[PDB]
Amino acid sequence: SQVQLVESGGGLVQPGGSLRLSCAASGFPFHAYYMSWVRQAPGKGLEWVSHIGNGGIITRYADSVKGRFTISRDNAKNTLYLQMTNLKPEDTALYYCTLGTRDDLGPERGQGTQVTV
Amino acid sequence: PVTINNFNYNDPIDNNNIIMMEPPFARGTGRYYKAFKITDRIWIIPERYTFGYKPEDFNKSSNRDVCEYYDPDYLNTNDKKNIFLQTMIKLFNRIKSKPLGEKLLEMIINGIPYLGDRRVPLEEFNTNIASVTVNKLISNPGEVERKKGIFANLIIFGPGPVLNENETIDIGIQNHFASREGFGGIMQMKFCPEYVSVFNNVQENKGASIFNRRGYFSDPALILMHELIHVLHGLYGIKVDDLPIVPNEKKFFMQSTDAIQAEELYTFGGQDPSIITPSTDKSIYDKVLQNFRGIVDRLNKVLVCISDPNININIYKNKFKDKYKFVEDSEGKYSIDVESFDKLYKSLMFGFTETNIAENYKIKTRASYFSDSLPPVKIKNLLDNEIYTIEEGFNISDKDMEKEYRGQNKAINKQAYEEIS
Amino acid sequence: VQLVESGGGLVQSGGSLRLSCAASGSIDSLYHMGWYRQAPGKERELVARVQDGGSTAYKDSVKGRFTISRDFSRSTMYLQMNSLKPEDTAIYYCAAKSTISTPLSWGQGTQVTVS
Ligand SMILES: [Zn+2]
């Protein structure tokens, strides 16, 4: 028995457009875990984008994307959402979904999705 | 007296009885959860217990019966969370309705952890540890994170991966536990109130042939009060360290002969501690007194609290003088009275047990902690007063269920429960 | 690890003062730095504290008025006290803890009198 995180919502949009990212979780009780979006950009190290608590009350964003991104979950469809708005070139990267918080990122990660503005 | 708060799960976060709380093992991680203050120093967090587990441990599946029942969907909606919370409120009012259980709540509420642990120098009070404080989110959930450490004694979660496996849990650092060393520490519990245990180790069954044996299911209030007794031990720092106890024979009250933690046998009461040799029993007593000696020695040396101004050192030295029943002299310095230590040691270790609480609440329990695991059942609706009440549990006189604990009898009250299969 | 305080006051009620704590080593990483005051024939109190992350706390009786500052490059901790009342009259110490288990090393103190 193992976990699966598969994300969708990818590719070029013009700056500054919008893009919705998504992630489907299987193999564990989704509703019981904090979830994070993390991105990898060219030449740059790994960067944490946002996280959300079990019940969606707690949301946290990097200051890099704060005015622009919103983080959502639907515990019924076992889906995680990242809504990207006012997209910049700075945002072009490999977007991952992974368990836990900024300060406790957890091993499980998805395949990854590419976004390019 | 003890007051049990009432609330709904969707009630707003007012930071009075409902806060967003970062529990001890999640310290500095940023994980907050909606917490509900059922009583002073006691919180209910209607979430699954996940720390120390793999997320796929919750999902285990396959004509056989196993002792462990899994259900990952438990507490997976706000309405489920609210049922858990209302059930917990009802179980606590159940506990409060006899003098014996209200007293238990009070010693738990008043049993505050020492301000520090083994790592803290004798001179200081330090409240900045996971076993003395938790983080309260004081900013709005919308805003940049700001938090404040509050005191707390007990935090109750929903089940981990195995639903019927209720457990009381202490905080361990570098292989030591403040809860086992005189200090006390914030206690935690994973609890699941409707998946209860079943037992047939009762003295009436002792003569009985195989197909004449009786079967009962537990009162969840008693399952909880048992867990609260571990909680009381951990708050007074006397919870027994790793010490498995091996019987030299099956005795009449036993059903199995497996090794059991000494902490369990004292908690169960009955005849279970007769299994413990007086030699090991004396050293447990010796170790506690030595730990209490270490506490009083601190109380004479503490000059400062380094973490929290607004903490009054004098006030707290006095509160702890009450917790541990220490005696004071003309220097203002404290010391142990061994005669007064024995009173406190006895009430904590032998005063509250599962056995005497069951007798006092008129609840059928098992004859000994040395009993086989049976498959657990599910109580359909503890919130329905036709099945389960605050005053008498399943054994309601008005439904003729009071005699011979028929309310708990699997062969009689089959509408109270269903098989988990 | 050594500490020396400076900044001594006979200042009028409502005036202000800046205390200084000089350390023999690096102060950026310490588990604990705090300002303490002991009145004549009374007990020490924690006035203001900084934690290893930089979380700072204050006694209620001094909030708004006292602010903890920190110069790493000079390894020095300041207490900037404004609007001092006569009640703030005491000998002020400065203590530091290298770890949760390192005992406090104290300074000799610096006096504050508030007519
Ligand atoms: Zn137990």
# chains A, B, ... in the order shown; residues from 1 in each chain; ligands from 1
call {"tool": "residues_near_ligand", "arguments": {"ligand": "ligand 1", "cutoff": "9 Å", "atoms": "only C-alpha atoms and all ligand atoms", "output": "list in words"}}
result
residues 166, 167, 168, 223, 226, 227, 229, 230, 261, 263, 264, 265, 267, 268 and 369 of chain B
call {"tool": "residues_around", "arguments": {"residues": "residue 44 in chain A", "least_positions_apart": "3", "cutoff": "12 Å", "atoms": "only C-alpha atoms", "output": "list in words"}}
result
residues 39, 40, 41, 47, 90, 91, 92, 93 and 94 of chain A
call {"tool": "write_last_selection", "arguments": {"atoms": "C-alpha atoms", "output": "compact mmCIF listing (two decimals), in the first residue's frame"}}
result
# COMPACT_ATOMS: atom_id res chain seq x y z
CA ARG A 39 8.40 24.68 -7.32
CA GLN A 40 11.78 24.18 -8.99
CA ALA A 41 13.08 26.91 -11.33
CA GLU A 47 11.36 26.82 -3.37
CA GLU A 90 9.81 34.46 -12.12
CA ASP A 91 7.05 31.82 -11.83
CA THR A 92 8.28 29.60 -14.65
CA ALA A 93 9.18 26.29 -13.03
CA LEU A 94 8.55 22.68 -12.14
call {"tool": "residues_around", "arguments": {"residues": "residue 60 in chain C", "least_positions_apart": "4", "cutoff": "9 Å", "atoms": "only C-alpha atoms", "output": "JSON, numbers by chain"}}
result
{"B": [309, 310], "C": [47]}
call {"tool": "write_last_selection", "arguments": {"atoms": "N, CA, C and O atoms", "output": "compact mmCIF listing (two decimals), in the first residue's frame"}}
result
# COMPACT_ATOMS: atom_id res chain seq x y z
N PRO B 309 8.34 36.47 31.33
CA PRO B 309 8.14 37.47 32.38
C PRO B 309 6.65 37.38 32.71
O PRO B 309 5.96 36.64 32.04
N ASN B 310 6.15 38.09 33.70
CA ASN B 310 4.74 37.94 34.08
C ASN B 310 4.49 36.57 34.73
O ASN B 310 3.37 36.28 35.16
N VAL C 47 12.61 41.20 32.84
CA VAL C 47 12.02 42.41 32.29
C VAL C 47 11.75 42.20 30.81
O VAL C 47 10.65 42.49 30.34
call {"tool": "closest_atom_pairs", "arguments": {"of": "chain C", "to": "chain B", "cutoff": "12 Å", "atoms": "only C-alpha atoms", "output": "CSV"}}
result
residue,atom,partner,partner_atom,distance
C:31,CA,B:306,CA,10.2
C:32,CA,B:306,CA,7.5
C:33,CA,B:306,CA,8.6
C:34,CA,B:306,CA,7.5
C:35,CA,B:306,CA,9.8
C:36,CA,B:304,CA,9.1
C:37,CA,B:304,CA,11.0
C:38,CA,B:304,CA,11.1
C:42,CA,B:314,CA,11.4
C:43,CA,B:303,CA,8.1
C:44,CA,B:304,CA,7.0
C:45,CA,B:304,CA,7.0
C:46,CA,B:309,CA,5.0
C:47,CA,B:309,CA,6.3
C:48,CA,B:309,CA,7.1
C:49,CA,B:307,CA,7.1
C:50,CA,B:307,CA,8.7
C:51,CA,B:307,CA,8.2
C:52,CA,B:307,CA,11.4
C:53,CA,B:28,CA,10.9
C:55,CA,B:307,CA,10.3
C:56,CA,B:307,CA,9.5
C:57,CA,B:308,CA,7.3
C:58,CA,B:309,CA,6.3
C:59,CA,B:309,CA,4.9
C:60,CA,B:310,CA,6.6
C:61,CA,B:310,CA,8.6
C:62,CA,B:309,CA,10.4
C:63,CA,B:309,CA,11.2
C:94,CA,B:306,CA,11.6
C:95,CA,B:306,CA,9.5
C:96,CA,B:306,CA,9.7
C:97,CA,B:306,CA,9.3
C:99,CA,B:120,CA,9.7
C:100,CA,B:120,CA,6.4
C:101,CA,B:119,CA,5.6
C:102,CA,B:121,CA,7.7
C:103,CA,B:121,CA,6.3
C:104,CA,B:123,CA,8.8
C:105,CA,B:123,CA,11.9
call {"tool": "write_last_selection", "arguments": {"atoms": "N, CA, C and O atoms", "output": "short mmCIF file (atom, residue, chain, number, x, y, z; two decimals), in the first residue's frame"}}
result
data_model
loop_
_atom_site.label_atom_id
_atom_site.label_comp_id
_atom_site.auth_asym_id
_atom_site.auth_seq_id
_atom_site.Cartn_x
_atom_site.Cartn_y
_atom_site.Cartn_z
N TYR C 31 20.83 30.56 23.24
CA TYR C 31 19.50 30.07 23.56
C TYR C 31 18.66 31.15 24.23
O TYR C 31 17.46 31.23 24.01
N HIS C 32 19.31 31.97 25.06
CA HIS C 32 18.62 32.98 25.87
C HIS C 32 19.48 34.24 26.12
O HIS C 32 20.65 34.15 26.49
N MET C 33 18.89 35.41 25.90
CA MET C 33 19.43 36.67 26.41
C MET C 33 18.29 37.44 27.03
O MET C 33 17.22 37.57 26.43
N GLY C 34 18.51 38.02 28.20
CA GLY C 34 17.44 38.68 28.90
C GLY C 34 17.97 39.73 29.86
O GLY C 34 19.12 39.64 30.32
N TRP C 35 17.11 40.71 30.14
CA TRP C 35 17.38 41.78 31.08
C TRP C 35 16.58 41.49 32.35
O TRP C 35 15.40 41.14 32.28
N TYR C 36 17.25 41.55 33.49
CA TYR C 36 16.63 41.28 34.78
C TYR C 36 16.81 42.48 35.71
O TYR C 36 17.80 43.20 35.57
N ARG C 37 15.86 42.72 36.61
CA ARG C 37 16.01 43.80 37.60
C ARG C 37 15.60 43.31 38.99
O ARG C 37 14.61 42.60 39.14
N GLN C 38 16.40 43.65 40.00
CA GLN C 38 16.08 43.31 41.38
C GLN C 38 15.97 44.55 42.26
O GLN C 38 16.95 45.26 42.45
N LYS C 42 14.10 42.62 47.43
CA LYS C 42 12.96 42.08 46.70
C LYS C 42 13.54 41.01 45.77
O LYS C 42 14.75 40.82 45.75
N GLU C 43 12.71 40.32 44.99
CA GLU C 43 13.23 39.28 44.11
C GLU C 43 13.54 39.79 42.71
O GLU C 43 12.99 40.79 42.27
N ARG C 44 14.45 39.09 42.01
CA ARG C 44 14.75 39.40 40.62
C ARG C 44 13.52 39.19 39.75
O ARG C 44 12.70 38.31 40.02
N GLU C 45 13.38 39.98 38.70
CA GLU C 45 12.32 39.76 37.73
C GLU C 45 12.90 39.73 36.33
O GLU C 45 13.96 40.30 36.08
N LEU C 46 12.22 39.04 35.43
CA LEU C 46 12.60 39.10 34.04
C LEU C 46 11.86 40.29 33.45
O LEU C 46 10.64 40.41 33.59
N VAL C 47 12.61 41.20 32.84
CA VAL C 47 12.02 42.41 32.29
C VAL C 47 11.75 42.20 30.81
O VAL C 47 10.65 42.49 30.34
N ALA C 48 12.76 41.70 30.10
CA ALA C 48 12.70 41.51 28.64
C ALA C 48 13.60 40.34 28.19
O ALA C 48 14.69 40.15 28.73
N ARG C 49 13.16 39.60 27.19
CA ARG C 49 13.84 38.38 26.79
C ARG C 49 13.97 38.25 25.28
O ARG C 49 13.10 38.70 24.56
N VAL C 50 15.05 37.65 24.80
CA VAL C 50 15.11 37.27 23.38
C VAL C 50 15.44 35.79 23.24
O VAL C 50 16.24 35.26 24.00
N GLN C 51 14.82 35.12 22.28
CA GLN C 51 15.01 33.70 22.10
C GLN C 51 15.87 33.46 20.88
O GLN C 51 16.10 34.37 20.09
N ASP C 52 16.36 32.23 20.73
CA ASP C 52 17.34 31.88 19.69
C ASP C 52 16.91 32.26 18.26
O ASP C 52 17.76 32.49 17.40
N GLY C 53 15.61 32.31 18.01
CA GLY C 53 15.06 32.79 16.74
C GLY C 53 14.94 34.31 16.66
O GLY C 53 14.93 34.90 15.57
N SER C 55 12.45 35.78 18.88
CA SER C 55 11.21 36.06 19.57
C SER C 55 11.55 36.79 20.85
O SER C 55 12.35 36.30 21.65
N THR C 56 10.92 37.94 21.05
CA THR C 56 11.20 38.80 22.18
C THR C 56 9.94 38.94 23.00
O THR C 56 8.84 38.95 22.46
N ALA C 57 10.12 38.97 24.32
CA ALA C 57 9.01 39.11 25.25
C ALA C 57 9.28 40.19 26.30
O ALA C 57 10.44 40.48 26.62
N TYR C 58 8.23 40.76 26.86
CA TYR C 58 8.37 41.85 27.83
C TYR C 58 7.46 41.65 29.03
O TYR C 58 6.36 41.11 28.91
N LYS C 59 7.90 42.10 30.20
CA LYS C 59 7.00 42.15 31.34
C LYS C 59 5.86 43.15 30.97
O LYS C 59 6.10 44.11 30.24
N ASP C 60 4.65 42.90 31.46
CA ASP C 60 3.50 43.73 31.11
C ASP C 60 3.73 45.15 31.56
O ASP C 60 3.50 46.12 30.83
N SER C 61 4.27 45.25 32.76
CA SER C 61 4.54 46.50 33.44
C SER C 61 5.50 47.40 32.66
O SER C 61 5.62 48.59 32.98
N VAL C 62 6.20 46.85 31.67
CA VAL C 62 7.10 47.70 30.88
C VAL C 62 6.79 47.82 29.38
O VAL C 62 7.50 48.54 28.68
N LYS C 63 5.75 47.16 28.89
CA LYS C 63 5.47 47.22 27.45
C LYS C 63 5.11 48.63 26.98
O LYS C 63 4.47 49.42 27.69
N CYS C 94 22.09 41.46 33.13
CA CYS C 94 21.99 40.96 31.77
C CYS C 94 22.55 39.54 31.82
O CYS C 94 23.70 39.33 32.21
N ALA C 95 21.73 38.57 31.45
CA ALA C 95 22.16 37.19 31.52
C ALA C 95 22.07 36.53 30.17
O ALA C 95 21.34 36.98 29.30
N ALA C 96 22.83 35.47 29.99
CA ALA C 96 22.85 34.79 28.72
C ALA C 96 23.00 33.30 28.96
O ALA C 96 23.67 32.89 29.91
N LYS C 97 22.32 32.51 28.13
CA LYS C 97 22.38 31.05 28.19
C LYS C 97 22.80 30.54 26.84
O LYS C 97 22.15 30.81 25.83
N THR C 99 22.89 27.39 25.83
CA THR C 99 21.94 26.33 25.44
C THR C 99 20.85 26.23 26.49
O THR C 99 20.93 26.91 27.52
N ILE C 100 19.83 25.40 26.23
CA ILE C 100 18.79 25.16 27.23
C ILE C 100 19.40 24.63 28.54
O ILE C 100 18.82 24.82 29.61
N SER C 101 20.59 24.04 28.48
CA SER C 101 21.20 23.41 29.66
C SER C 101 22.37 24.19 30.23
O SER C 101 22.75 24.02 31.39
N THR C 102 22.95 25.06 29.41
CA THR C 102 23.98 25.95 29.91
C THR C 102 23.38 26.84 31.00
O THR C 102 22.36 27.46 30.77
N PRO C 103 23.98 26.84 32.19
CA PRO C 103 23.44 27.75 33.21
C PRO C 103 23.66 29.20 32.82
O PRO C 103 24.50 29.51 31.97
N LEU C 104 22.87 30.09 33.42
CA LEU C 104 23.00 31.52 33.17
C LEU C 104 24.33 32.07 33.62
O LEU C 104 24.75 31.83 34.76
N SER C 105 25.01 32.79 32.73
CA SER C 105 26.11 33.64 33.18
C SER C 105 25.59 35.07 33.30
O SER C 105 24.94 35.61 32.39
#
call {"tool": "atom_distance", "arguments": {"atom1": "CA of residue 380 in chain B", "atom2": "CA of residue 51 in chain B"}}
result
28.5 Å
call {"tool": "closest_atom_pairs", "arguments": {"of": "chain B", "to": "chain A", "cutoff": "6 Å", "atoms": "only C-alpha atoms", "output": "JSON lines"}}
result
{"residue": "B:29", "atom": "CA", "partner": "A:103", "partner_atom": "CA", "distance": 5.3}
{"residue": "B:55", "atom": "CA", "partner": "A:28", "partner_atom": "CA", "distance": 5.4}
{"residue": "B:56", "atom": "CA", "partner": "A:28", "partner_atom": "CA", "distance": 4.8}
{"residue": "B:59", "atom": "CA", "partner": "A:28", "partner_atom": "CA", "distance": 5.9}
{"residue": "B:72", "atom": "CA", "partner": "A:29", "partner_atom": "CA", "distance": 5.5}
{"residue": "B:76", "atom": "CA", "partner": "A:31", "partner_atom": "CA", "distance": 6.0}
{"residue": "B:141", "atom": "CA", "partner": "A:58", "partner_atom": "CA", "distance": 5.8}
call {"tool": "residues_around", "arguments": {"residues": "residue 80 in chain C", "least_positions_apart": "4", "cutoff": "12 Å", "atoms": "only C-alpha atoms", "output": "number ranges by chain"}}
result
C: 7, 15-21, 35, 47-48, 62-70, 84
call {"tool": "write_last_selection", "arguments": {"atoms": "N, CA and C atoms", "output": "PDB file, in the first residue's frame"}}
result
ATOM      1  N   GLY C   7      25.361  51.916  31.556  1.00  0.00           N
ATOM      2  CA  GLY C   7      24.193  52.788  31.471  1.00  0.00           C
ATOM      3  C   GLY C   7      23.545  52.916  32.837  1.00  0.00           C
ATOM      4  N   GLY C  15      11.840  60.378  32.210  1.00  0.00           N
ATOM      5  CA  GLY C  15      13.010  60.429  31.351  1.00  0.00           C
ATOM      6  C   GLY C  15      13.274  59.051  30.749  1.00  0.00           C
ATOM      7  N   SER C  16      14.370  58.924  29.998  1.00  0.00           N
ATOM      8  CA  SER C  16      14.718  57.677  29.326  1.00  0.00           C
ATOM      9  C   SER C  16      16.192  57.297  29.517  1.00  0.00           C
ATOM     10  N   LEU C  17      16.516  56.024  29.280  1.00  0.00           N
ATOM     11  CA  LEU C  17      17.873  55.498  29.452  1.00  0.00           C
ATOM     12  C   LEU C  17      18.155  54.376  28.460  1.00  0.00           C
ATOM     13  N   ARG C  18      19.420  54.193  28.085  1.00  0.00           N
ATOM     14  CA  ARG C  18      19.777  53.067  27.238  1.00  0.00           C
ATOM     15  C   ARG C  18      20.824  52.192  27.957  1.00  0.00           C
ATOM     16  N   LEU C  19      20.440  50.956  28.260  1.00  0.00           N
ATOM     17  CA  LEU C  19      21.363  50.025  28.901  1.00  0.00           C
ATOM     18  C   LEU C  19      22.107  49.267  27.836  1.00  0.00           C
ATOM     19  N   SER C  20      23.295  48.799  28.177  1.00  0.00           N
ATOM     20  CA  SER C  20      24.129  48.125  27.208  1.00  0.00           C
ATOM     21  C   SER C  20      24.707  46.882  27.840  1.00  0.00           C
ATOM     22  N   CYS C  21      24.707  45.764  27.116  1.00  0.00           N
ATOM     23  CA  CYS C  21      25.326  44.526  27.606  1.00  0.00           C
ATOM     24  C   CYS C  21      26.368  43.999  26.621  1.00  0.00           C
ATOM     25  N   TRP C  35      17.115  40.707  30.141  1.00  0.00           N
ATOM     26  CA  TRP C  35      17.380  41.779  31.076  1.00  0.00           C
ATOM     27  C   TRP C  35      16.582  41.486  32.347  1.00  0.00           C
ATOM     28  N   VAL C  47      12.612  41.199  32.841  1.00  0.00           N
ATOM     29  CA  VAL C  47      12.021  42.407  32.287  1.00  0.00           C
ATOM     30  C   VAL C  47      11.747  42.196  30.811  1.00  0.00           C
ATOM     31  N   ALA C  48      12.760  41.695  30.096  1.00  0.00           N
ATOM     32  CA  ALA C  48      12.695  41.505  28.644  1.00  0.00           C
ATOM     33  C   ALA C  48      13.598  40.343  28.193  1.00  0.00           C
ATOM     34  N   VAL C  62       6.201  46.852  31.667  1.00  0.00           N
ATOM     35  CA  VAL C  62       7.104  47.697  30.882  1.00  0.00           C
ATOM     36  C   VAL C  62       6.794  47.817  29.383  1.00  0.00           C
ATOM     37  N   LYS C  63       5.745  47.164  28.892  1.00  0.00           N
ATOM     38  CA  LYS C  63       5.471  47.216  27.454  1.00  0.00           C
ATOM     39  C   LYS C  63       5.113  48.632  26.979  1.00  0.00           C
ATOM     40  N   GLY C  64       5.585  48.943  25.778  1.00  0.00           N
ATOM     41  CA  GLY C  64       5.413  50.234  25.158  1.00  0.00           C
ATOM     42  C   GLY C  64       6.641  51.084  25.430  1.00  0.00           C
ATOM     43  N   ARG C  65       7.251  50.885  26.590  1.00  0.00           N
ATOM     44  CA  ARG C  65       8.314  51.755  27.059  1.00  0.00           C
ATOM     45  C   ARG C  65       9.720  51.203  26.805  1.00  0.00           C
ATOM     46  N   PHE C  66       9.902  49.905  27.069  1.00  0.00           N
ATOM     47  CA  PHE C  66      11.216  49.258  26.937  1.00  0.00           C
ATOM     48  C   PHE C  66      11.257  48.466  25.649  1.00  0.00           C
ATOM     49  N   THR C  67      12.370  48.575  24.930  1.00  0.00           N
ATOM     50  CA  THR C  67      12.563  47.799  23.716  1.00  0.00           C
ATOM     51  C   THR C  67      13.953  47.143  23.688  1.00  0.00           C
ATOM     52  N   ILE C  68      14.012  45.829  23.442  1.00  0.00           N
ATOM     53  CA  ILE C  68      15.295  45.145  23.283  1.00  0.00           C
ATOM     54  C   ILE C  68      15.834  45.345  21.877  1.00  0.00           C
ATOM     55  N   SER C  69      17.127  45.665  21.806  1.00  0.00           N
ATOM     56  CA  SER C  69      17.865  45.862  20.564  1.00  0.00           C
ATOM     57  C   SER C  69      19.043  44.873  20.566  1.00  0.00           C
ATOM     58  N   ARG C  70      19.702  44.663  19.424  1.00  0.00           N
ATOM     59  CA  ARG C  70      20.843  43.730  19.346  1.00  0.00           C
ATOM     60  C   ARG C  70      21.814  44.078  18.217  1.00  0.00           C
ATOM     61  N   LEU C  84      10.491  56.299  32.041  1.00  0.00           N
ATOM     62  CA  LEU C  84      10.707  55.513  33.250  1.00  0.00           C
ATOM     63  C   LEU C  84       9.948  56.082  34.419  1.00  0.00           C
TER      64      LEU C  84
END
call {"tool": "select_by_dssp", "arguments": {"residues": "chain A", "states": "helix (DSSP H, G or I)", "output": "VMD selection string"}}
result
chain A and resid 30 to 32 89 to 91
call {"tool": "write_last_selection", "arguments": {"atoms": "C-alpha atoms", "output": "PDB file, in the first residue's frame"}}
result
ATOM      1  CA  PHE A  30      -5.897  13.153   2.450  1.00  0.00           C
ATOM      2  CA  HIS A  31      -8.077  15.124   4.904  1.00  0.00           C
ATOM      3  CA  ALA A  32      -5.735  14.394   7.749  1.00  0.00           C
ATOM      4  CA  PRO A  89       8.500  35.008 -15.677  1.00  0.00           C
ATOM      5  CA  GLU A  90       9.809  34.458 -12.115  1.00  0.00           C
ATOM      6  CA  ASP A  91       7.050  31.824 -11.830  1.00  0.00           C
TER       7      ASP A  91
END
call {"tool": "select_by_dssp", "arguments": {"residues": "range 222-375 of chain B", "states": "strand (DSSP E)", "output": "JSON, numbers by chain"}}
result
{"B": [244, 245, 260, 261, 304, 305, 327, 328, 334, 335]}
call {"tool": "write_last_selection", "arguments": {"atoms": "C-alpha atoms", "output": "PDB file, in the first residue's frame"}}
result
ATOM      1  CA  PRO B 244       7.264  -5.376  31.613  1.00  0.00           C
ATOM      2  CA  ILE B 245       5.827  -7.698  34.286  1.00  0.00           C
ATOM      3  CA  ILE B 260       2.236  -6.469  30.694  1.00  0.00           C
ATOM      4  CA  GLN B 261       3.617  -2.998  31.556  1.00  0.00           C
ATOM      5  CA  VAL B 304      14.154  33.006  37.756  1.00  0.00           C
ATOM      6  CA  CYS B 305      11.879  32.086  34.870  1.00  0.00           C
ATOM      7  CA  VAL B 327       6.189  20.901  53.737  1.00  0.00           C
ATOM      8  CA  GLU B 328       7.669  24.394  54.326  1.00  0.00           C
ATOM      9  CA  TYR B 334      10.592  23.225  51.294  1.00  0.00           C
ATOM     10  CA  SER B 335      11.198  19.551  52.209  1.00  0.00           C
TER      11      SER B 335
END
call {"tool": "atom_distance", "arguments": {"atom1": "CA of residue 377 in chain B", "atom2": "CA of residue 53 in chain B"}}
result
24.1 Å
call {"tool": "residues_around", "arguments": {"residues": "range 14-23 of chain B", "least_positions_apart": "5", "cutoff": "7 Å", "atoms": "only C-alpha atoms", "output": "list in words"}}
result
residues 30, 31, 32, 33, 34, 35, 36, 37, 134, 135, 136 and 137 of chain B
call {"tool": "write_last_selection", "arguments": {"atoms": "N, CA, C and O atoms", "output": "short mmCIF file (atom, residue, chain, number, x, y, z; two decimals), in the first residue's frame"}}
result
data_model
loop_
_atom_site.label_atom_id
_atom_site.label_comp_id
_atom_site.auth_asym_id
_atom_site.auth_seq_id
_atom_site.Cartn_x
_atom_site.Cartn_y
_atom_site.Cartn_z
N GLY B 30 4.39 24.64 12.45
CA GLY B 30 3.38 25.48 11.81
C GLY B 30 2.05 24.80 11.64
O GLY B 30 1.12 25.40 11.13
N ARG B 31 1.97 23.54 12.03
CA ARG B 31 0.72 22.78 12.00
C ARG B 31 -0.26 23.15 13.11
O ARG B 31 -0.10 22.72 14.23
N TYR B 32 -1.27 23.97 12.82
CA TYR B 32 -2.29 24.26 13.83
C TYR B 32 -3.55 23.50 13.53
O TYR B 32 -3.81 23.16 12.37
N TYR B 33 -4.37 23.31 14.55
CA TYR B 33 -5.60 22.58 14.38
C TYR B 33 -6.64 23.26 15.24
O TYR B 33 -6.29 23.78 16.31
N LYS B 34 -7.90 23.19 14.82
CA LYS B 34 -8.99 23.75 15.61
C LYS B 34 -9.16 22.96 16.90
O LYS B 34 -9.44 21.77 16.86
N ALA B 35 -8.97 23.61 18.04
CA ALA B 35 -9.01 22.92 19.31
C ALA B 35 -10.14 23.44 20.16
O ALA B 35 -10.43 24.63 20.14
N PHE B 36 -10.71 22.56 20.98
CA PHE B 36 -11.89 22.87 21.78
C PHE B 36 -11.64 22.57 23.24
O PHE B 36 -11.34 21.43 23.60
N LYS B 37 -11.83 23.57 24.09
CA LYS B 37 -11.48 23.47 25.50
C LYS B 37 -12.65 22.99 26.32
O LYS B 37 -13.48 23.79 26.76
N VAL B 134 1.96 24.73 24.67
CA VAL B 134 1.68 24.63 23.24
C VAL B 134 1.51 26.04 22.64
O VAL B 134 1.18 26.99 23.35
N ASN B 135 1.74 26.17 21.34
CA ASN B 135 1.51 27.40 20.62
C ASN B 135 0.05 27.66 20.26
O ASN B 135 -0.60 26.83 19.62
N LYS B 136 -0.45 28.81 20.70
CA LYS B 136 -1.77 29.33 20.28
C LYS B 136 -1.64 30.36 19.17
O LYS B 136 -1.01 31.38 19.37
N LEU B 137 -2.24 30.10 18.02
CA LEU B 137 -2.27 31.11 16.97
C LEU B 137 -3.08 32.34 17.40
O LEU B 137 -4.29 32.22 17.55
#
call {"tool": "residues_around", "arguments": {"residues": "residue 73 in chain C", "least_positions_apart": "2", "cutoff": "10 Å", "atoms": "only C-alpha atoms", "output": "ChimeraX atom specification"}}
result
/C:26-28,70-71,75-76
